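Novice: with the input below, show me the fold.
(2 chains, ligands or ions: 2)
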Amino acid sequence: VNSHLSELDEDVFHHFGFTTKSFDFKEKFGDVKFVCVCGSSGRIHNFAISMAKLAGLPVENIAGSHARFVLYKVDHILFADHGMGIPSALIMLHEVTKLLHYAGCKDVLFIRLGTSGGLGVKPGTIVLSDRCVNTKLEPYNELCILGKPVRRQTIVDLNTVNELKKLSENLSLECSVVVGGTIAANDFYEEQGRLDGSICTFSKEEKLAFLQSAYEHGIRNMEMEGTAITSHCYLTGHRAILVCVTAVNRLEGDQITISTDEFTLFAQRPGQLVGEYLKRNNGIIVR
Amino acid sequence: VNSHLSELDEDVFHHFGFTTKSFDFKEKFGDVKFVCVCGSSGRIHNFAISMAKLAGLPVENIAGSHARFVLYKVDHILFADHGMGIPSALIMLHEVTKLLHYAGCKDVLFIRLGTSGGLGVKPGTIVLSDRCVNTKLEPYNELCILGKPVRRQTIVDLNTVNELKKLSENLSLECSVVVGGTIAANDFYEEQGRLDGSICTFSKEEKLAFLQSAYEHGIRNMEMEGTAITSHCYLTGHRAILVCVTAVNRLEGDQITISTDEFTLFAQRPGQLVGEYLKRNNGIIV
Ligand SMILES: O=c1[nH]cc(F)c(=O)[nH]1
Ligand SMILES: O=c1[nH]cc(F)c(=O)[nH]1
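Specialist: Residues are numbered from 1 along each chain as shown, chains lettered A, B, ... in the order given. Ligands and ions are numbered 1, 2, ... in the order given. Sharing the structure here:
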């Protein structure tokens, strides 16, 4: 545990815009067993609204006025956004895991409901990550702490992934549910092998050798935070999974050509699976 | 210029929610000579609104409604947010610099208006970066492209920095303006030497040895995107500066203990200086 936290009279959650004196954390958050996250404040809000409807229950922002992130709560589930990229995700992760610790919450499941680029699967596919790796296909998150290199192993809650897959096989979703590996990259364009950024120093041949090699190593999609979420939660005593929809088949192209409406439809598909899971696993109270 | 863009009949700006077919880019953006950016959509909008008032001109969002980023324009200035951290900033950088390319804009100045942790300066101090380095004080942005390590030199437009410093002396700011080095970190907590994250593997003494050393190497503040902005712009034919206020003295602590109201006042100080600069040098029409 971080003993330095005891030195504080009050802990200011800078990016959520509240402090430990804002509410009673044990009373307020003590019953939380799940945290659902994604890059979009609007989308995670909508998801929380859907969970409230399922709970038979407005879903009001718990975060303060000038916060970078939103925070909602529906029964035993916390909802937060985390922007895009490992650094932004680590800001959310630090402050939410502190919150959870202060509330007395242990062994919480974090669920990332994101969007991603697919490898060898159709757009709209749900990929359940069975491992999260960097762009060198290594299951580690890399950090530089006090100027020194550190690596933290990525651990996916595989027992839960398998339960979700089994669940999906018994459901009627309008998409395939693929279990496979997930590359987290530190950019949307060049690090993801895109030819269509403002800069590109490689050929299509080199792009496809990179992506096809990843495919052969079991990778089925690519996003920007996976290695942060699945390394940090384990180290703070929690569990984590990634449930991402694909928005493009990167073996065919780079551009996101589907409509805004179609993208929104696709992005809601992880929530449709996960929502029923949460319902069956005491995420909400069925009223 | 990326030759592969000519392989697109249409170029979708995914995170801005429009396309090359959405506008006549030459007609709409051709006059842009400045891009002001920061992590907050609300704060960059308020700054654009302030520049609009200066120009004597509602500032409407140009980006799509379901977009990750906002985009505004006041005369020759473009405004956008970029979230927090290098990956997010790179997303804005690629799409905005493509936009400028399509619009025929050349030698544009990117201005990041951020907040930061200070080293040995008082909270509310404006730091003008005269270099942007990683946590090892190296003037490079690091990338892993097709799984291979790539480094890109950071280049701050120093001529503009010097002009800003000189300008600030002639203004009446309630703060000091310091030219100094800026560290970009891939985290707010552990990578910035904070003792107050959910994980900490070091002591107060190890924190202070690390930051005091950086101070001695001329670092005066610390944020999360400097190396991306100052390496990317140069390589795409543009210029870039960082103008960041400090919200805490990291040699004294980690927590941001100033009120939300004071933080907001502080966060507006970069725009106050930069706006005077843009007003003098053809950012707007008065
Ligand atoms: O990080 C990503 N998010 C969403 C995508 F569609 C993609 O290709 N990459
Ligand atoms: O990246 C940062 N932004 C703002 C701060 F106050 C800080 O310490 N670090």
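
Novice: now do the strands in chain A.
Specialist: Ranges of strands within chain A are A:12-13, A:18-19, A:34-38, A:71-74, A:77-81, A:109-112, A:115-118, A:126-133, A:140-145, A:148-153, A:177-184, A:219-223, A:239-249, based on DSSP state E.

Novice: partners of the first one, with directions?
Specialist: Read that as strand A:12-13. Strand A:12-13 sits in its sheet next to strand A:18-19 (antiparallel), going by DSSP bridges.

Novice: distance check, residue A:188 against residue B:25.
Specialist: 21 Å (Cβ to Cβ, to the nearest Å). Where you see a C-beta, it was placed from the backbone N, CA and C, and this is true even at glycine.

Novice: the two: which has the busier surroundings?
Specialist: Between residue A:188 and residue B:25, counting by other Cβ atoms under 10 Å in any protein chain shown, residue A:188 is the more crowded of the two (27 against 20).

Novice: which ones are touching residue A:179?
Specialist: Neighbour list for residue A:179: A:127, A:128, A:130, A:161, A:162, A:165 [criterion: Cβ atoms under 8 Å, 6 or more residues apart in numbering or on different chains].

Novice: next up, the contacts around the residue of chain A found nearest ligand 1.
Specialist: Closest to ligand 1 within chain A is residue A:117: 2.5 Å, counting by Cβ to the nearest ligand atom. Taking Cβ under 8 Å, 6+ apart, we find residue A:117 in contact with A:192, A:221, A:222, A:223, A:246, A:247, A:248, A:249, A:250.

Novice: ok, now with 6 Å
Specialist: A:222, A:248, A:250 (Cβ atoms under 6 Å, 6 or more residues apart in numbering or on different chains).

Novice: intersect these with the contacts of ligand 1.
Specialist: A:222, A:248 (Cβ under 6 Å from any ligand atom).

Novice: nearest to ligand 2 among the contacts of residue A:117?
Specialist: Closest to ligand 2 out of these is residue A:222 (26.5 Å), distances taken as Cβ to the nearest ligand atom.

Novice: correct me, but the closest one touches residue A:181?
Specialist: No. Assessed by Cβ atoms under 6 Å, residue A:222 is found out of contact with residue A:181, at 9.6 Å.

Novice: between these two, which contacts overlap?
Specialist: Joint contacts of residue A:222 and residue A:181 (Cβ under 6 Å, 6+ apart) do not exist.

Novice: partner residues bridging the residue of chain A closest to ligand 1?
Specialist: Beta-bridge partners, per DSSP bridges, of residue A:117: residue A:222.

Novice: residues touching the one residue in the stretch 151-287 of chain A that gets nearest to ligand 2, list them.
Specialist: Residue nearest to ligand 2 within the stretch 151-287 of chain A: residue A:228 (16.2 Å; Cβ to the nearest ligand atom). Residues near residue A:228 by Cβ under 6 Å, 6+ apart: A:86, A:89, A:90, A:141.

Novice: what are the phi and psi angles of the nearest residue to the third one once chain neighbours are set aside?
Specialist: What that stands for is residue A:90. Closest residue in space to residue A:90, ignoring its immediate chain neighbours: residue B:187 at 4.7 Å, by Cβ to Cβ, 6 or more residues apart in numbering or on different chains. Main-chain torsions, residue B:187, degrees, to the nearest 10: phi -170, psi 160.

Novice: contacts only, for the spatially most central residue of chain A.
Specialist: Nearest to the mean C-alpha position of chain A, counting by Cα atoms, centre = their mean, stands residue A:112 at 2.3 Å. By Cβ under 6 Å, 6+ apart, the residues touching residue A:112 are A:37, A:229, A:242.

Novice: against chain B, how distant is it?
Specialist: To chain B, residue A:112 is 15 Å away according to Cβ to the nearest Cβ, to the nearest Å.

Novice: residue A:102 too?
Specialist: Residue A:102 is 10 Å from chain B, by Cβ to the nearest Cβ.

Novice: right, and that residue touches residue A:24 too?
Specialist: No. Residue A:102 is beyond contact range of residue A:24, at 9.9 Å (criterion: Cβ under 6 Å).

Novice: any residues of the stretch 101-250 of chain A in contact with ligand 1? List them.
Specialist: When proximity is defined by Cβ under 6 Å from any ligand atom, the stretch 101-250 of chain A lies next to ligand 1 at A:115, A:116, A:117, A:188, A:192, A:222, A:223, A:224, A:247, A:248.

Novice: what's the farthest-apart pair in those residues?
Specialist: A:224 and A:248 (14.4 Å; Cβ to Cβ).

Novice: look up which residues are beta-bridged to the residue nearest to the centre of chain A.
Specialist: Counting by DSSP bridges, residue A:112 forms beta bridges with residue A:37, residue A:242.

Novice: distance of it from ligand 2?
Specialist: In this view, residue A:112 and ligand 2 are 23 Å apart by Cβ to the nearest ligand atom, to the nearest Å.

Novice: same check, this time on residue A:52
Specialist: 34 Å.

Novice: got it, and residue A:48?
Specialist: Residue A:48 is 28 Å from ligand 2, by Cβ to the nearest ligand atom.

Novice: quick check: the residue of the stretch 1-150 of chain A nearest ligand 2.
Specialist: Counting by Cβ to the nearest ligand atom, the stretch 1-150 of chain A gets nearest ligand 2 through residue A:14, at 7.4 Å.

Novice: fine by me, we can end here.
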